[PDB]
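Just so you know, the protein sequences line up as chains A, B, C, D, E, F, G, H and I, in that order.
Position in the first sequence counted from 1, then plus 199, gives you our numbering.
Position in the second sequence counted from 1, then plus 16, gives you our numbering.
Position in the third sequence counted from 1, then plus 57, gives you our numbering.
Position in the fourth sequence counted from 1, then plus 2, gives you our numbering.
Position in the fifth sequence counted from 1, then plus 100, gives you our numbering.
Position in the sixth sequence counted from 1, then plus 511, gives you our numbering.
Position in the seventh sequence counted from 1, then plus 11, gives you our numbering.
Position in the eighth sequence counted from 1, then plus 2, gives you our numbering.
Position in the ninth sequence counted from 1, then plus 30, gives you our numbering.
Beta carbons are placed, not taken as given, at the ideal position from N, Cα and C, and that holds for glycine.
Notes for the one structure printed next.
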Amino acid sequence: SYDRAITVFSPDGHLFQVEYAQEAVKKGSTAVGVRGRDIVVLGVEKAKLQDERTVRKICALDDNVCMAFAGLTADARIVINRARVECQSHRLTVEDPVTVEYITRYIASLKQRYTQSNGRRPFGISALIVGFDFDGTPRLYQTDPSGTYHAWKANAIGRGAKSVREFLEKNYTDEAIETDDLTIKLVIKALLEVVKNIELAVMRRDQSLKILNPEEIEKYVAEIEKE
Amino acid sequence: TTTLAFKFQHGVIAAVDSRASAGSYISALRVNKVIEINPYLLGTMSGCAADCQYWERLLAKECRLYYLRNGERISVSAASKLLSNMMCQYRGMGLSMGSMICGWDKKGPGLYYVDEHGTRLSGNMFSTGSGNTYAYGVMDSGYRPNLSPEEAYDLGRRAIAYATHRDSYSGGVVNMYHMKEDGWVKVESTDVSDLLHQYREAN
Amino acid sequence: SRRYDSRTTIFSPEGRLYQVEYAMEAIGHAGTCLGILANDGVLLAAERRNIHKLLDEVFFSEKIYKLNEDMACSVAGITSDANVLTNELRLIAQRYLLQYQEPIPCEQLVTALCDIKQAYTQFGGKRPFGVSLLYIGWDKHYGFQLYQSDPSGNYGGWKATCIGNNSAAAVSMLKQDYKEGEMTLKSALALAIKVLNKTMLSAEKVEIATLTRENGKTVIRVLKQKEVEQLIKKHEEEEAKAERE
Amino acid sequence: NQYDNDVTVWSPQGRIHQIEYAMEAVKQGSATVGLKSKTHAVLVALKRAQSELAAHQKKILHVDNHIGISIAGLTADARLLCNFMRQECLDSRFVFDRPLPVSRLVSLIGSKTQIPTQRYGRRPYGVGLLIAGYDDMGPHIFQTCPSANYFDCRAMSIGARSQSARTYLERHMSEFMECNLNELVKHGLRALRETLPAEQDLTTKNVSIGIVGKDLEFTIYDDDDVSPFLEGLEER
Amino acid sequence: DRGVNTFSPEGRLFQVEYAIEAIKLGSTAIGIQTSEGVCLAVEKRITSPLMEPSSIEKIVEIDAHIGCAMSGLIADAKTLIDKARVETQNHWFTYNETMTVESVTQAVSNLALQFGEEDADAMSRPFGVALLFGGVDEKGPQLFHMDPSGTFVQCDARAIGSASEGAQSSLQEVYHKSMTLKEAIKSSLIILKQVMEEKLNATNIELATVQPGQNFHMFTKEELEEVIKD
Amino acid sequence: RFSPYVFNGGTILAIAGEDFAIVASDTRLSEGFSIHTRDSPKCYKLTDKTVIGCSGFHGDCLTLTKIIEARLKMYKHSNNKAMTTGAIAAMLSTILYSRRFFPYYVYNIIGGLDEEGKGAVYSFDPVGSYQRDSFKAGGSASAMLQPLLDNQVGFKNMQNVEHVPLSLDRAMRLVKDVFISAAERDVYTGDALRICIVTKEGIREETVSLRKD
Amino acid sequence: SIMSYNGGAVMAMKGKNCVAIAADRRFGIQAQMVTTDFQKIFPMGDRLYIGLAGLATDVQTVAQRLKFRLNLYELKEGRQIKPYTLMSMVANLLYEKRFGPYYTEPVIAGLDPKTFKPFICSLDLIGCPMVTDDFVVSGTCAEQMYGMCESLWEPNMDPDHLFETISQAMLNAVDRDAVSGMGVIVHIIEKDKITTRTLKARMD
Amino acid sequence: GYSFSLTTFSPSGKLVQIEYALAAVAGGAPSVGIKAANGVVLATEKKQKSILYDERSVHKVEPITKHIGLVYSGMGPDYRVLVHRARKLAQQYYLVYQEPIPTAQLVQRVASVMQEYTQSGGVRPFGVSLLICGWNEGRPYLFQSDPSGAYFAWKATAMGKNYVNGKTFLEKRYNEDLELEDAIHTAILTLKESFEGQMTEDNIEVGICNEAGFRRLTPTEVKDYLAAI
Amino acid sequence: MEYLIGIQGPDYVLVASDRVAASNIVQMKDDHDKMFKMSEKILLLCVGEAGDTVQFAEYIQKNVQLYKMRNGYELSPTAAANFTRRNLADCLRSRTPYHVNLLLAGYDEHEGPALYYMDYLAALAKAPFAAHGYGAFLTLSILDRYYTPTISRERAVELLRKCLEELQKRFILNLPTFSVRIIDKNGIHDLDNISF
Ligand SMILES: *[B]([O])([O])[C]([C][C]([C])[C])[N]C(=O)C1=[C]N([C][C][N]C(=O)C2=C(O[C])C(O[C])=C(O[C])[C]=[C]2)N=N1
Ligand code: NA
Ligand code: NA
Ligand code: NA
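Here's what the structure looks like:
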């Protein structure tokens with residue numbers, strides 16, 4: 200087997216292969232995540248001749264935890280599958296389900312091991328993992344190709360994620376949080392900065408994941424334009 | 017060996033005898049058959065002493081390692097599951113191990129019978145070891161869900177004492193703990209034969 | 058050793074995989090392979106690059122491969138790499154069937170090969186498989202399906218799509234003429250020959266197959282040269298009839 | 003230059019530059035001295051502090067009751083190669099119930115450290131050792147290097163400015179064999195501060211001593227432990 | 101292009117050299133050893149108010165009597181923190197006792213040059229992380245530094261990061277060996293406030309201490325807001 | 512067929528005082544109905560404050576002593592200090608349990624000084640279950656000595672008897688008289704009596720004679 | 012015995028331009044019958060069926076693992092498998108477990124898809140082929156099946172005559188075996204058609 | 003060893019070592035294969051540098067099993083690896099299935115091996131195109147397999163030096179129901195286009211495949227076909 | 031020692047397990063549940079050696095749940111049953127053979143209701159009704175007597191009652207209470223535990 204050192208330090212102390220993996224994230228479709236009290240939401244940027252279902256970038260990992268991604272879509276699918284495996288494997292080992300922190304730590308740990316083990320280039324993705332814990336607190340974390348992870352109130356990754364995060368930093372008030380409708384409107388406003396061309400899904404307290412179809416999405420497009 | 021455990025209104029009692037026995041000879045009169053994993057988690061012991069000691073110390077290692085990683089104390093369900101998985105990986109190897117994992121977590125008061133085979137049962141009342149059957153008799157007869165703390169201690173103390181009376185391979189001292197919302201408290205390390213002499217003189 | 062290493066499994070400075078892109082350029086030279094979904098079926102129509110007087114014609118196809126009872130695929134790229142990948146697809150289909158005793162769903166079979174193709178881009182120091190595949194199939198969950206994949210290990214579901222020589226020109230031509238929800242296999246067969254007329258028209262140079270469901274069982278069949286040649290003359294007459302008026 | 007990066011690549015000069023580069027890890031590393039009498043073997047080490055707030059670097063390590071070492075180079079290779087010596091000593095005490103001959107231990111270091119100099123994608127051990135020890139053949143000082151060469155010694159020094167130490171030792175060779183313990187330690191200390199400039203000299207913080215012989219096991223002396231030995235001669 | 105286990109002409113490994121260069125990019129952290137306890141302080145370097153401040157754990161509990169502060173590649177550190185955490189409980193299992201601060205630091209120092217290409221299962225590169233261990237064992241309160249080379253040493257006071265050079269000068273003047281713990285805590289936050297291009301507050305930093313009597317304690321918003329004064 | 516164990520016998524004993532720790536043994540090594548040797552004491556010195564008694568199969572005793580000796584160094588090399596008496600007893604459990612499925616047939620009794628200065632005895636079974644004790648007998652005459660130690664050291668089945676702690680004078684005399692009684696009634700106990708006494712000053716060894724038949 | 016745990020009975024037979032294959036429908040565990048419609052004969056093509064007696068888990072496993080390899084063959088080759096080839100594929104499959112074998116004794120019966128000439132064979136548990144021009148048996152009532160088959164079989168029988176022969180051979184054999192019966196099923200393989208029938212057999 | 007591909011994609015998008023291996027084939031001693039109605043022919047140039055070479059010793063036209071045969075253009079040592087491997091693959095089919103291996107299926111298996119060396123670690127591909135004759139159901143089979151691991155079923159083709167001239171020569175002069183008498187004569191005429199010297203029984207080699215399997219033709223059998231040219 | 035029973039209907043599947051968790055001579059739990067939710071429309075009922083049942087059942091459960099998460103749709107009862115068979119068949123000739131007897135009851139939307147049977151050997155059999163344990167020797171003939179293919183669910187519970195009442199009358203083991211569940215179009219439905 201291949202024992203070559205793929206990821207190494209540079210003259211100025213940079214891990215160039217991890218830095219080039221983060222350039223692969225910044226080309227991928229603009230993914231955005233937002234937290235609330237009762238509800239947690241994810242949304243993604245977008246040909247006429249495609250099945251929307253197959254190129255979906257919002258993926259459930261367990262009954263309580265899902266995620267979005269931005270970057271290389273093939274690289275994403277392996278991290279999602281191995282996350283899905285670890286979610287059920289966690290229940291098999293300790294019965295109780297996975298907290299959003301544990302699965303994020305695992306995805307981070309997996310991403311980090313590819314930046315340091317021989318033969319392997321890093322995963323060219325950043326993820327936005329969301330859900331509800333054992334006690335029922337809502338969560339939103341973010342991983343990146345280096346394998347660092349941090350909790351967020353809201354965050355963006357992908358094309359023009361500076362201009363979306365700049366927008367989110369201002370707009371994330373307690374007024375937008377209160378209701379389930381208002382948190383969803385905030386995600387659409389944020390995506391309308393960079394962007395029928397919006398994928399969008401939600402997670403409530405005890406309930407599972409729920410993708411909103413383009414008919415349901417265009418309802419909230421009317422409710423934004425009034426204001 | 018004789019161990020017992022039961023839930024009631026004011027948390028969970030956990031009482032064990034102290035006799036160790038290589039054959040008919042008494043290896044040791046006073047062995048501690050409860051492990052203290054943390055302030056909110058105990059573990060009773062029966063069967064092979066070395067298996068009991070090693071594998072429940074390894075549970076404790078992983079419970080301690082869970083606290084450092086996650087920044088929160090382990091649940092009673094997860095701890096009981098983790099020990100049964102250790103027993104599942106060593107199935108068919110002649111391990112003899114008959115623990116009950118008692119604790120308190122977010123889910124409430126918790127009690128789990130875990131076994132050498134891989135068995136793992138959530139329940140209100142349990143008993144293990146050779147004196148198993150004799151403990152159940154006294155425990156079940158005098159049980160209520162709404163015992164007082166003192167009446168609960170009287171039940172657990174008597175049940176181990178009358179078990180050691182009949183079972184040859186149980187004896188020495190009753191070691192009774194009491195689980196609460198604010199962690200366990202050691203109730204007593206009472207001598208069994210002094211209790212059996214006391215109950216004889218009451219008639 | 059370190060001097061001789063090509064290093065196929067690394068990010069270039071831009072943030073992308075050179076051997077993956079360079080493999081997709083190999084596909085852009087290879088023959089025009091397309092696929093079109095319909096209400097009553099699915100089709101694949103490919104440019105036949107093995108074209109000489111002295112070629113024998115042993116097999117029932119040239120670029121088209123059956124995979125399961127309810128599934129098939131065609132390719133574009135290095136044909137030797139396709140023979141490896143198609144053999145592995147067939148193995149996956151039976152590995153599922155041995156396990157569950159149902160046919161493998163179409164998306165699951167495509168993800169299984171695409172997880173393997175992605176491995177050749179991420180680790181092992183090996184060059185990727187220089188093949189894009191177009192898959193067709195039926196399953197009990199989603200029914201009539203068309204999928205595309207490429208050397209990266211990335212896939213997508215399509216209503217109609219193309220790969221090979223004049224890929225982009227064919228897709229934009231399909232974006233005009235395809236009507237979603239309203240297309241039958243007869244209307245789809247007309248559009249397949251319309252697009253191949255643009256990109257490449259004798260029937261030796263064309264190779265068509267149709268997956269359909271007749272009486273609770275999937276029916277995969279290559280068209281014979283009598284069926285193709287009559288469909289070519291129907292295009293030539295329909296093209297000429299509009300030209301006069 | 004073409005012949006600089008891999009240990010397998012012979013130069014046209016008939017040299018392996020990755021060995022000779024690994025030798026420079028010892029030289030830029032701090033100074034240490036070793037010497038022996040008829041009855042004892044002593045190691046003396048100038049402990050380099052990082053900043054003046056931080057405590058001084060541990061330069062003399064314990065291997066067995068009968069062997070100990072002083073180091074100069076990369077500390078991870080020092081500790082790795084220390085544990086190899088500790089283990090081979092432990093094997094000999096386990097297997098034979100008898101301490102491992104020092105020359106035989108030193109031969110196993112040479113055999114071990116040579117292996118990666120001949121193999122691709124591997125490197126030499128970036129560390130030189132002075133190895134004090136007593137056995138059936140009396141006391142010994144042995145030297146080892148990144149090149150896998152080893153030397154039996156009357157005395158030696160290695161590290162930063164260690165040419166000064168070697169010049170001192172080469173004068174007083176016939177004196178060492180006749181010396182008592184206190185005179186032998188004092189000789190090693192005078193060799194060490196010759197490496198230093200005239201501005202700075204030996205204190206209890208920046209000096210460590212390691213002693214083994216016929217009477218004594220490999221004891222290490224660091225702080226107030228050292229104070230007896232220094233208080234004798236201190237000028238120039 | 102060259103191998104990971106390649107010496108420079110100066111006599112040192114390029115990847116170790118470049119791993120020290122990576123710590124300069126990392127955010128600054130200070131630890132001061134005192135007779136009454138070891139304090140440990142670090143800047144979070146929060147890039148956005150949307151980012152949750154409590155989920156940047158740059159000081160962490162190794163055991164009830166030991167902590168560790170980090171600078172550099174945050175992901176690289178979590179591998180080493182877990183291995184230390186495993187090592188302490190493996191030691192508790194086998195020996196029924198606590199490890200020394202030196203013994204823990206040595207165990208982590210053994211992993212520093214465990215990288216290479218040929219002859220491997222294993223790491224390709226070193227860990228680009230400096231660690232400031234700080235705890236209280238049987239030999240009083242001890243603070244220990246570690247770098248990517250594997251070199252580890254006891255420190256009366258030390259810092260690591262972008263303004264390691266700047267902060268060490270301030271530690272030289274401020275440090276006194278017979279001082280109290282509360283003086284040493286306030287010394288750090290003074291020395292941190294200067295070097296940070298962001299402004300010091302309870303959400304923007306982590307502090308933590310270990311005494312002989314008291315366990316490892318990481319400071320809360322309320323406990324940081326009380327000290328903030330100076 | 513091939514049997515990897517054999518019973519060599521001998522008795523061991525340890526007592527924990529307030530300021531001391533006795534660890535004693537006989538010197539007979541047997542096999543079948545013959546005596547191998549009369550000078551094979553079962554006491555082994557580990558550290559200045561810790562000694563171990565080992566009885567049963569002698570092949571495992573030699574190996575297990577050599578393992579402990581090897582591990583003591585490995586700890587001291589890692590941690591720069593000697594192992595505490597409690598830490599040796601904890602380590603021994605893991606070594607005995609590592610051979611759970613092919614036992615070290617060795618009854619171990621460690622005795623010495625804890626970190627608080629006082630006496631500390633740790634008794635074992637072959638697969639590594641242990642506990643701290645005041646006193647414990649082991650090996651061939653375990654059954655003979657233990658209930659007398661329960662009586663005289665534990666004050667069991669006695670009333671109107673003040674529970675006075677053991678003087679080192681009294682404990683040494685007790686160890687002589689019990690091993691005299693074992694030597695009479697046990698075939699595998701005899702020849703001579705090694706007694707190691709662990710105080711803060713160090714270890715010192717006596718050798719009283721026993722029955723040579 | 013191992014084969015008799017689930018029991019069962021399988022038979023195949025030759026006629027003029029046709030072959031028959033048949034088996035009992037009992038799945039049981041020792042004394043207890045469990046179900047009365049358990050499949051022991053499996054299709055391996057249009058004019059080619061395989062019958063599997065003995066241990067029921069291995070009956071199902073060998074059927075499934077043979078179908079795995081069959082489907083790979085048919086896709087690779089681009090044809091229906093020849094009967095003699097399927098025998099060798101089973102022989103290879105079973106002999107791969109030579110020292111840990113599948114407890115089943117297969118019986119193959121089919122027409123050659125080019126010539127349409129009759130073919131039958133059976134194999135032992137370790138995959139030793141046995142081709143005959145008359146009949147083959149496998150099950151707990153092998154002795155009973157042999158005695159019927161040997162007496163009742165004639166050469167060059169038409170499809171209707173073959174059915175009556177093989178059915179009466181099965182029915183009377185399984186009626187003298189405790190762990191075989193609960194129905195019979197019979198497939199008459201001809202060139203034009205496959206005629207599957209289930210008999211009014213004893214249910215005790 | 004080396005665990006990385008030596009064959010890789012260039013910016014144009016071509017596997018350069020395969021096209022460089024095809025240059026090694028294209029500059030090899032020429033070889034011809036023709037499919038008659040009743041049989042198959044394989045012929046090639048065996049013109050060694052001197053009369054010192056023992057002509058009976060080593061063969062270009064080699065059998066694989068009793069019903070399949072083989073010939074090449076390009077690298078001789080590389081060819082011998084493929085012969086040994088193909089021979090094994092034939093027996094591995096016969097052991098399992100107890101049937102003579104189909105010619106299509108032998109080519110597919112050897113193609114997979116030829117593909118293996120265009121990707122796997124530390125190895126160049128083969129500098130060989132194979133021509134594989136056979137007889138399966140009751141009819142002839144001829145296949146090419148070239149360094150890529152791609153295979154093509156041919157009625158007739160040429161390889162090596164003047165393969166372009168041999169292919170065009172064959173295209174017009176081949177009929178789709180030739181007799182095997184005539185096809186053997188055609189194969190020698192295809193070689194005589196590209197030849198440099200007077201032809202003999204020694205300096206060329208021919209094998210044939212029909213109803214009774216594959217064999218190499220004897221020198222005297224070749225000498226009869228050379229008499230009427 | 032333990033006892034399972036399944037009764038397939040036209041558009042449903044009734045199932046029931048006992049609730050004794052036994053140990054040596056003692057009935058440790060009267061409220062134990064032996065049914066495992068694979069899918070919304072599938073139950074795996076499992077009985078056998080003490081540690082083997084739960085470890086096997088849960089391994090299957092999580093892989094069925096993994097199939098849901100991976101693909102966005104659950105396994106069919108046919109697929110789930112052959113998956114259960116494939117794992118138990120591969121373990122059979124290995125170091126760790128699971129001694130488990132089990133019923134897989136389910137409902138497909140296309141194929142309708144299905145009850146599957148499996149012994150520790152891993153022979154899979156689809157059945158209109160079946161049962162495991164020593165109780166099956168008493169109760170299977172009662173199902174032969176009164177079962178018809180068109181049996182209504184409310185009648186099927188009264189049939190179940192006759193089997194469970196026969197265990198109280200004739201079976202030497204206690205088995206006082208029983209879990210009861212129905213599967214149909216609308217997934218799994220809990221029912222009152224048949225106590226005595
Ligand atoms: B308790 O289960 O009595 C007790 C509990 C411990 C935590 C101290 N365990 C022991 O006393 C004990 C004894 N041994 C080793 C000796 N083995 C046996 O006693 C033994 C016996 O003998 C009675 C038997 O019966 C013949 C069996 O087989 C059933 C197994 C073990 N280890 N722990
Ligand atoms: Na005696
Ligand atoms: Na019968
Ligand atoms: Na019957």
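Counted within 10 angstroms of its Cβ, other Cβ atoms place residue i as buried (16 or more) or exposed
i                         : result
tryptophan 120 of chain B : buried
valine 97 of chain D      : exposed
Under the three-state DSSP convention, the category residue i falls into
i                         : result
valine 73 of chain G      : helix
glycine 172 of chain B    : helix
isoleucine 599 of chain F : helix
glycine 266 of chain E    : helix
First and last residue of the uninterrupted beta strand (DSSP E) at residue i
i                         : result
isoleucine 397 of chain A : 397-403
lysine 25 of chain G      : 20-26
Reference residue i; option with closest CA among the options
i                        : options                                : result
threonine 700 of chain F : F:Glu716, F:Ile579, F:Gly649, F:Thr561 : F:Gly649
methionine 31 of chain I : I:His62, I:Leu134, I:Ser171, I:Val77   : I:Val77
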